[PDB]
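Asker: To be precise about what I am sending: the file is called model_22.pdb and holds PDB, C-alpha atoms.
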ATOM      1  CA  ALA G   1       0.000   0.000   0.000  1.00  0.00           C
ATOM      2  CA  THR G   2       1.066   3.627  -0.589  1.00  0.00           C
ATOM      3  CA  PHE G   3       1.020   6.180   2.243  1.00  0.00           C
ATOM      4  CA  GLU G   4       1.557   9.862   1.483  1.00  0.00           C
ATOM      5  CA  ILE G   5       2.666  11.737   4.630  1.00  0.00           C
ATOM      6  CA  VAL G   6       2.144  15.498   4.394  1.00  0.00           C
ATOM      7  CA  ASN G   7       3.411  18.109   6.862  1.00  0.00           C
ATOM      8  CA  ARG G   8       0.971  21.019   6.707  1.00  0.00           C
ATOM      9  CA  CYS G   9       2.309  22.377   9.991  1.00  0.00           C
ATOM     10  CA  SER G  10       4.202  25.676  10.018  1.00  0.00           C
ATOM     11  CA  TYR G  11       7.054  23.933  11.862  1.00  0.00           C
ATOM     12  CA  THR G  12       9.341  21.075  10.862  1.00  0.00           C
ATOM     13  CA  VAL G  13       8.363  17.588  12.000  1.00  0.00           C
ATOM     14  CA  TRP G  14      10.231  14.324  11.732  1.00  0.00           C
ATOM     15  CA  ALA G  15       7.829  11.664  10.480  1.00  0.00           C
ATOM     16  CA  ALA G  16       8.180   8.098  11.736  1.00  0.00           C
ATOM     17  CA  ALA G  17       6.687   4.800  10.561  1.00  0.00           C
ATOM     18  CA  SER G  18       7.177   1.473  12.328  1.00  0.00           C
ATOM     19  CA  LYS G  19       5.425  -1.776  13.153  1.00  0.00           C
ATOM     20  CA  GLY G  20       7.141  -2.141  16.523  1.00  0.00           C
ATOM     21  CA  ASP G  21       9.932  -4.578  15.711  1.00  0.00           C
ATOM     22  CA  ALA G  22      10.894  -3.093  12.318  1.00  0.00           C
ATOM     23  CA  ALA G  23      10.831   0.117  10.334  1.00  0.00           C
ATOM     24  CA  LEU G  24       8.221   0.657   7.649  1.00  0.00           C
ATOM     25  CA  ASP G  25       9.912   1.844   4.449  1.00  0.00           C
ATOM     26  CA  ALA G  26      12.858   4.035   5.559  1.00  0.00           C
ATOM     27  CA  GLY G  27      11.299   4.435   9.037  1.00  0.00           C
ATOM     28  CA  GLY G  28      11.684   8.192   9.397  1.00  0.00           C
ATOM     29  CA  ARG G  29      12.374  11.445   7.608  1.00  0.00           C
ATOM     30  CA  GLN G  30      12.528  15.174   8.123  1.00  0.00           C
ATOM     31  CA  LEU G  31       9.488  17.038   6.717  1.00  0.00           C
ATOM     32  CA  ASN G  32       9.732  20.800   6.408  1.00  0.00           C
ATOM     33  CA  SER G  33       6.482  22.756   6.261  1.00  0.00           C
ATOM     34  CA  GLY G  34       4.629  21.671   3.132  1.00  0.00           C
ATOM     35  CA  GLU G  35       6.786  18.658   2.301  1.00  0.00           C
ATOM     36  CA  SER G  36       5.305  15.282   1.360  1.00  0.00           C
ATOM     37  CA  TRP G  37       6.873  11.869   1.819  1.00  0.00           C
ATOM     38  CA  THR G  38       5.544   8.805   0.008  1.00  0.00           C
ATOM     39  CA  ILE G  39       6.218   5.393   1.521  1.00  0.00           C
ATOM     40  CA  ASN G  40       5.334   1.833   0.562  1.00  0.00           C
ATOM     41  CA  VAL G  41       3.957  -0.523   3.222  1.00  0.00           C
ATOM     42  CA  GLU G  42       3.934  -4.252   2.560  1.00  0.00           C
ATOM     43  CA  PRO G  43       0.438  -5.775   2.203  1.00  0.00           C
ATOM     44  CA  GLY G  44      -0.591  -7.729   5.281  1.00  0.00           C
ATOM     45  CA  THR G  45       1.222  -5.394   7.675  1.00  0.00           C
ATOM     46  CA  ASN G  46      -0.365  -5.707  11.115  1.00  0.00           C
ATOM     47  CA  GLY G  47       0.034  -3.113  13.848  1.00  0.00           C
ATOM     48  CA  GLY G  48       1.668  -0.357  11.827  1.00  0.00           C
ATOM     49  CA  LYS G  49       1.880   3.152  13.213  1.00  0.00           C
ATOM     50  CA  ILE G  50       2.778   6.551  11.814  1.00  0.00           C
ATOM     51  CA  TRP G  51       3.471   9.601  14.008  1.00  0.00           C
ATOM     52  CA  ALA G  52       5.296  12.927  14.064  1.00  0.00           C
ATOM     53  CA  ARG G  53       8.255  13.916  16.239  1.00  0.00           C
ATOM     54  CA  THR G  54       9.009  17.511  17.256  1.00  0.00           C
ATOM     55  CA  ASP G  55      12.187  19.425  18.066  1.00  0.00           C
ATOM     56  CA  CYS G  56      14.662  16.823  16.898  1.00  0.00           C
ATOM     57  CA  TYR G  57      18.458  17.054  16.598  1.00  0.00           C
ATOM     58  CA  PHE G  58      20.337  14.429  14.622  1.00  0.00           C
ATOM     59  CA  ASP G  59      23.976  14.138  13.617  1.00  0.00           C
ATOM     60  CA  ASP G  60      25.168  12.860  10.214  1.00  0.00           C
ATOM     61  CA  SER G  61      24.907   9.239  11.443  1.00  0.00           C
ATOM     62  CA  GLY G  62      21.144   9.555  12.042  1.00  0.00           C
ATOM     63  CA  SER G  63      21.513   9.520  15.849  1.00  0.00           C
ATOM     64  CA  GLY G  64      20.074  12.169  18.124  1.00  0.00           C
ATOM     65  CA  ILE G  65      17.082  13.137  20.266  1.00  0.00           C
ATOM     66  CA  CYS G  66      13.523  14.418  19.823  1.00  0.00           C
ATOM     67  CA  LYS G  67      11.356  16.126  22.464  1.00  0.00           C
ATOM     68  CA  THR G  68       8.233  14.132  21.459  1.00  0.00           C
ATOM     69  CA  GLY G  69       8.021  10.691  19.865  1.00  0.00           C
ATOM     70  CA  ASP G  70      11.702   9.788  20.127  1.00  0.00           C
ATOM     71  CA  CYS G  71      12.335   6.203  18.991  1.00  0.00           C
ATOM     72  CA  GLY G  72      15.546   5.322  20.794  1.00  0.00           C
ATOM     73  CA  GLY G  73      17.419   8.304  19.376  1.00  0.00           C
ATOM     74  CA  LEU G  74      17.256   7.271  15.715  1.00  0.00           C
ATOM     75  CA  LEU G  75      16.129   9.218  12.656  1.00  0.00           C
ATOM     76  CA  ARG G  76      14.979   5.958  11.033  1.00  0.00           C
ATOM     77  CA  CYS G  77      12.692   4.432  13.640  1.00  0.00           C
ATOM     78  CA  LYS G  78      12.700   0.671  14.191  1.00  0.00           C
ATOM     79  CA  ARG G  79      10.604   0.859  17.364  1.00  0.00           C
ATOM     80  CA  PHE G  80       7.636   2.900  18.530  1.00  0.00           C
ATOM     81  CA  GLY G  81       8.115   6.378  19.882  1.00  0.00           C
ATOM     82  CA  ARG G  82       8.086   7.767  23.383  1.00  0.00           C
ATOM     83  CA  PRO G  83       4.827   9.519  24.390  1.00  0.00           C
ATOM     84  CA  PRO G  84       3.281  11.902  23.879  1.00  0.00           C
ATOM     85  CA  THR G  85       2.463  10.924  20.271  1.00  0.00           C
ATOM     86  CA  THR G  86      -0.723  11.226  18.280  1.00  0.00           C
ATOM     87  CA  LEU G  87      -0.930   7.901  16.471  1.00  0.00           C
ATOM     88  CA  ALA G  88      -2.137   6.878  13.042  1.00  0.00           C
ATOM     89  CA  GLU G  89      -2.699   3.120  13.373  1.00  0.00           C
ATOM     90  CA  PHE G  90      -3.392   0.544  10.690  1.00  0.00           C
ATOM     91  CA  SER G  91      -3.655  -3.148   9.911  1.00  0.00           C
ATOM     92  CA  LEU G  92      -3.725  -4.044   6.221  1.00  0.00           C
ATOM     93  CA  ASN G  93      -5.262  -6.977   4.308  1.00  0.00           C
ATOM     94  CA  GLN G  94      -6.854  -8.606   7.356  1.00  0.00           C
ATOM     95  CA  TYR G  95      -9.256 -11.113   5.781  1.00  0.00           C
ATOM     96  CA  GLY G  96      -9.885  -8.789   2.859  1.00  0.00           C
ATOM     97  CA  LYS G  97     -10.139  -5.522   4.795  1.00  0.00           C
ATOM     98  CA  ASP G  98      -7.946  -2.670   5.999  1.00  0.00           C
ATOM     99  CA  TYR G  99      -8.509  -1.190   9.477  1.00  0.00           C
ATOM    100  CA  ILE G 100      -7.429   2.350  10.378  1.00  0.00           C
ATOM    101  CA  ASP G 101      -7.778   4.614  13.382  1.00  0.00           C
ATOM    102  CA  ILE G 102      -6.303   7.542  15.247  1.00  0.00           C
ATOM    103  CA  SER G 103      -5.371   7.041  18.875  1.00  0.00           C
ATOM    104  CA  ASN G 104      -4.705   9.353  21.836  1.00  0.00           C
ATOM    105  CA  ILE G 105      -3.922   6.398  24.112  1.00  0.00           C
ATOM    106  CA  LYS G 106      -0.247   7.451  24.079  1.00  0.00           C
ATOM    107  CA  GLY G 107      -0.974  11.179  24.336  1.00  0.00           C
ATOM    108  CA  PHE G 108      -1.120  13.951  21.772  1.00  0.00           C
ATOM    109  CA  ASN G 109       1.596  16.072  20.250  1.00  0.00           C
ATOM    110  CA  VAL G 110       0.540  17.090  16.704  1.00  0.00           C
ATOM    111  CA  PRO G 111      -2.933  17.323  15.104  1.00  0.00           C
ATOM    112  CA  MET G 112      -3.578  14.782  12.413  1.00  0.00           C
ATOM    113  CA  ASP G 113      -5.912  13.670   9.617  1.00  0.00           C
ATOM    114  CA  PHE G 114      -5.779  10.033   8.458  1.00  0.00           C
ATOM    115  CA  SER G 115      -7.748   9.558   5.223  1.00  0.00           C
ATOM    116  CA  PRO G 116      -7.907   7.106   2.326  1.00  0.00           C
ATOM    117  CA  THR G 117      -6.916   8.284  -1.134  1.00  0.00           C
ATOM    118  CA  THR G 118      -8.832   5.410  -2.768  1.00  0.00           C
ATOM    119  CA  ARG G 119     -12.587   4.831  -2.653  1.00  0.00           C
ATOM    120  CA  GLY G 120     -14.787   2.997  -0.193  1.00  0.00           C
ATOM    121  CA  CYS G 121     -14.311   4.440   3.293  1.00  0.00           C
ATOM    122  CA  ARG G 122     -14.111   7.655   5.290  1.00  0.00           C
ATOM    123  CA  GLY G 123     -11.181   9.276   7.052  1.00  0.00           C
ATOM    124  CA  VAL G 124     -10.669  10.247  10.682  1.00  0.00           C
ATOM    125  CA  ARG G 125      -9.242  13.353  12.245  1.00  0.00           C
ATOM    126  CA  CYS G 126      -8.098  14.775  15.576  1.00  0.00           C
ATOM    127  CA  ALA G 127      -7.315  18.471  14.990  1.00  0.00           C
ATOM    128  CA  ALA G 128      -8.401  20.191  18.201  1.00  0.00           C
ATOM    129  CA  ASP G 129      -5.909  22.190  20.267  1.00  0.00           C
ATOM    130  CA  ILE G 130      -5.309  19.459  22.831  1.00  0.00           C
ATOM    131  CA  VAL G 131      -1.919  20.862  23.828  1.00  0.00           C
ATOM    132  CA  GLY G 132      -3.304  24.324  24.613  1.00  0.00           C
ATOM    133  CA  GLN G 133      -6.188  22.891  26.675  1.00  0.00           C
ATOM    134  CA  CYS G 134      -4.174  20.063  28.259  1.00  0.00           C
ATOM    135  CA  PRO G 135      -4.853  19.491  31.985  1.00  0.00           C
ATOM    136  CA  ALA G 136      -2.009  20.753  34.140  1.00  0.00           C
ATOM    137  CA  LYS G 137      -0.939  17.298  35.395  1.00  0.00           C
ATOM    138  CA  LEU G 138      -0.741  15.890  31.857  1.00  0.00           C
ATOM    139  CA  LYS G 139       1.317  18.686  30.235  1.00  0.00           C
ATOM    140  CA  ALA G 140       4.659  17.396  29.000  1.00  0.00           C
ATOM    141  CA  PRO G 141       7.530  19.899  29.448  1.00  0.00           C
ATOM    142  CA  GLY G 142       8.995  19.086  26.031  1.00  0.00           C
ATOM    143  CA  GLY G 143       5.625  19.819  24.447  1.00  0.00           C
ATOM    144  CA  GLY G 144       2.438  17.857  24.041  1.00  0.00           C
ATOM    145  CA  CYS G 145      -0.170  16.324  26.307  1.00  0.00           C
ATOM    146  CA  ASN G 146       0.567  12.968  27.948  1.00  0.00           C
ATOM    147  CA  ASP G 147      -2.002  10.239  28.497  1.00  0.00           C
ATOM    148  CA  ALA G 148      -2.777   9.411  32.112  1.00  0.00           C
ATOM    149  CA  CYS G 149      -1.281   5.905  31.929  1.00  0.00           C
ATOM    150  CA  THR G 150       2.131   7.330  30.970  1.00  0.00           C
ATOM    151  CA  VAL G 151       1.996   9.880  33.797  1.00  0.00           C
ATOM    152  CA  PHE G 152       0.506   7.916  36.694  1.00  0.00           C
ATOM    153  CA  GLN G 153       1.126   4.222  35.887  1.00  0.00           C
ATOM    154  CA  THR G 154      -1.999   2.867  37.572  1.00  0.00           C
ATOM    155  CA  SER G 155      -3.974  -0.248  36.658  1.00  0.00           C
ATOM    156  CA  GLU G 156      -7.064   1.894  35.931  1.00  0.00           C
ATOM    157  CA  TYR G 157      -5.413   4.337  33.490  1.00  0.00           C
ATOM    158  CA  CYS G 158      -3.338   1.609  31.786  1.00  0.00           C
ATOM    159  CA  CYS G 159      -6.172  -0.993  31.840  1.00  0.00           C
ATOM    160  CA  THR G 160      -3.700  -3.607  33.067  1.00  0.00           C
ATOM    161  CA  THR G 161      -6.363  -6.043  34.282  1.00  0.00           C
ATOM    162  CA  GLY G 162      -8.364  -5.848  31.067  1.00  0.00           C
ATOM    163  CA  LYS G 163     -11.057  -4.092  33.083  1.00  0.00           C
ATOM    164  CA  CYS G 164     -11.089  -0.288  33.284  1.00  0.00           C
ATOM    165  CA  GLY G 165     -13.490   2.550  32.678  1.00  0.00           C
ATOM    166  CA  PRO G 166     -13.257   6.056  31.272  1.00  0.00           C
ATOM    167  CA  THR G 167     -11.614   8.612  33.544  1.00  0.00           C
ATOM    168  CA  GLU G 168     -11.555  12.384  33.978  1.00  0.00           C
ATOM    169  CA  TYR G 169      -8.395  12.361  31.859  1.00  0.00           C
ATOM    170  CA  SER G 170      -9.622  10.080  29.077  1.00  0.00           C
ATOM    171  CA  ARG G 171     -12.823  12.119  28.844  1.00  0.00           C
ATOM    172  CA  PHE G 172     -10.772  15.263  28.148  1.00  0.00           C
ATOM    173  CA  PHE G 173      -9.194  13.629  25.069  1.00  0.00           C
ATOM    174  CA  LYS G 174     -12.569  12.228  23.982  1.00  0.00           C
ATOM    175  CA  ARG G 175     -14.347  15.596  24.352  1.00  0.00           C
ATOM    176  CA  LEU G 176     -11.864  17.320  22.051  1.00  0.00           C
ATOM    177  CA  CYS G 177     -11.417  14.388  19.605  1.00  0.00           C
ATOM    178  CA  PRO G 178     -14.400  12.012  19.641  1.00  0.00           C
ATOM    179  CA  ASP G 179     -13.078  10.069  16.628  1.00  0.00           C
ATOM    180  CA  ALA G 180      -9.823   8.999  18.320  1.00  0.00           C
ATOM    181  CA  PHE G 181      -9.307   6.295  20.953  1.00  0.00           C
ATOM    182  CA  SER G 182      -9.164   7.979  24.378  1.00  0.00           C
ATOM    183  CA  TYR G 183      -8.377   4.856  26.476  1.00  0.00           C
ATOM    184  CA  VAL G 184      -7.691   1.171  25.940  1.00  0.00           C
ATOM    185  CA  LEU G 185     -11.313  -0.010  26.194  1.00  0.00           C
ATOM    186  CA  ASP G 186     -12.892   2.978  24.442  1.00  0.00           C
ATOM    187  CA  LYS G 187     -15.769   2.226  22.108  1.00  0.00           C
ATOM    188  CA  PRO G 188     -13.898   1.538  18.842  1.00  0.00           C
ATOM    189  CA  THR G 189     -13.526   4.365  16.370  1.00  0.00           C
ATOM    190  CA  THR G 190     -11.843   2.063  13.844  1.00  0.00           C
ATOM    191  CA  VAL G 191     -12.745   2.555  10.195  1.00  0.00           C
ATOM    192  CA  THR G 192     -13.064  -0.446   7.881  1.00  0.00           C
ATOM    193  CA  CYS G 193     -11.666   0.152   4.389  1.00  0.00           C
ATOM    194  CA  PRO G 194     -11.374  -2.154   1.362  1.00  0.00           C
ATOM    195  CA  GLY G 195      -8.316  -4.354   1.372  1.00  0.00           C
ATOM    196  CA  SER G 196      -5.288  -2.725  -0.283  1.00  0.00           C
ATOM    197  CA  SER G 197      -6.487   0.862   0.004  1.00  0.00           C
ATOM    198  CA  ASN G 198      -3.993   3.744  -0.130  1.00  0.00           C
ATOM    199  CA  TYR G 199      -3.823   6.574   2.354  1.00  0.00           C
ATOM    200  CA  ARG G 200      -2.655  10.066   3.237  1.00  0.00           C
ATOM    201  CA  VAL G 201      -1.597  11.185   6.719  1.00  0.00           C
ATOM    202  CA  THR G 202      -1.685  14.983   7.092  1.00  0.00           C
ATOM    203  CA  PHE G 203      -0.130  16.720  10.080  1.00  0.00           C
ATOM    204  CA  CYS G 204      -1.834  19.996  11.067  1.00  0.00           C
ATOM    205  CA  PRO G 205      -4.692  19.391   8.606  1.00  0.00           C
ATOM    206  CA  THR G 206      -6.452  22.684   9.433  1.00  0.00           C
TER
END
What is this structure when it is put down as structure tokens?

Answerer:
Amino acid sequence: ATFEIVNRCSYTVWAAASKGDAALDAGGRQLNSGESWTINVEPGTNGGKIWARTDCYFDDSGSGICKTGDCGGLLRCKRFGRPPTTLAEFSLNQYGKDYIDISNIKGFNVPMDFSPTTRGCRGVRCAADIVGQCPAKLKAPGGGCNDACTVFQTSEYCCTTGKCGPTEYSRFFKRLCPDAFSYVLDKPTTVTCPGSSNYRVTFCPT
């Protein structure tokens, strides 16, 4: 499948794409304001994620640090990024269907639209100013709004027992972005698309 990743933000972001144990395509790239990056994702990929990283510094070897979404200090991510990270999530060619969603389960750093470029399904978006409205205890110094599991590490926020309910903190994310996952057992906002669709991820869509 083809993913076009577009940075419509006024600031530079460093895009990342991984399935947890391996990079997707090159795994990461700098995107200046307005730049687009097209990647190819193998059919059948399960558990892929795309996210943005902010305020990164890398040397010529591709090693460095980012203030949000850092993936072990690499430009080309092999692993998932450190919260807070707005997440575009996808599983492709799962019994004939693609499944896509946006998640705030690992916090929020950059607004995002995740839409198909082929026919047969709708897109999803979380573009509210979650960082500006972020509750005081969830504000990340480096930027962004952490999820409550990352901050407090309780069984209820992290849903460790498989049983958990919504919380004051999850409800904040859900109020501003109803179409993104706000906690592990949230009512699914997953979108079902035809198998082998193509997609565009836009940062700062508005």

Asker: If you count only C-alpha atoms, which residues fall within 10 Å of residue G:35, apart from same-chain ones fewer than 3 positions away, as a list in words?

Answerer: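 Here the answer would be residues 5, 6, 7, 8, 9, 12, 13, 30, 31 and 32 of chain G.
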
Asker: Considering only C-alpha atoms, state which residue in the set G:198, G:45, G:182, G:153 is at the smallest distance from residue G:90.

Answerer: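 Ranked by minimum distance to residue G:90, first place goes to G:45.
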
Asker: Tell me which protein, DNA and RNA residues are within 10 Å of stretch 122-135 of chain G, counting all atoms listed in the file, leaving out same-chain ones fewer than 3 positions away, and put them as an NGL selection string.

Answerer: :G and (86-88 or 100-104 or 107-119 or 138-140 or 143-146 or 168-169 or 172-180 or 189-193 or 199-206)

Asker: Any chance you could work out the residue set of the PyMOL selection byres ((chain G and resi 54) around 9) here, as a VMD selection string?

Answerer: chain G and resid 11 to 14 52 to 53 55 to 56 66 to 70 109 to 110 142 to 143

Asker: Kindly list the centre and edge lengths in Å, rounded to one decimal, for the axis-aligned box that covers all listed atoms of stretch 142-152 of chain G plus 6 Å on each of its six sides, as JSON.

Answerer:
{"center_x": 3.1, "center_y": 12.9, "center_z": 30.4, "size_x": 23.8, "size_y": 25.9, "size_z": 24.7}

Asker: When you count only C-alpha atoms, which of these residues is closest to residue G:75: G:170, G:154, G:63, G:33?

Answerer: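 Under the stated criterion, the closest residue is G:63.
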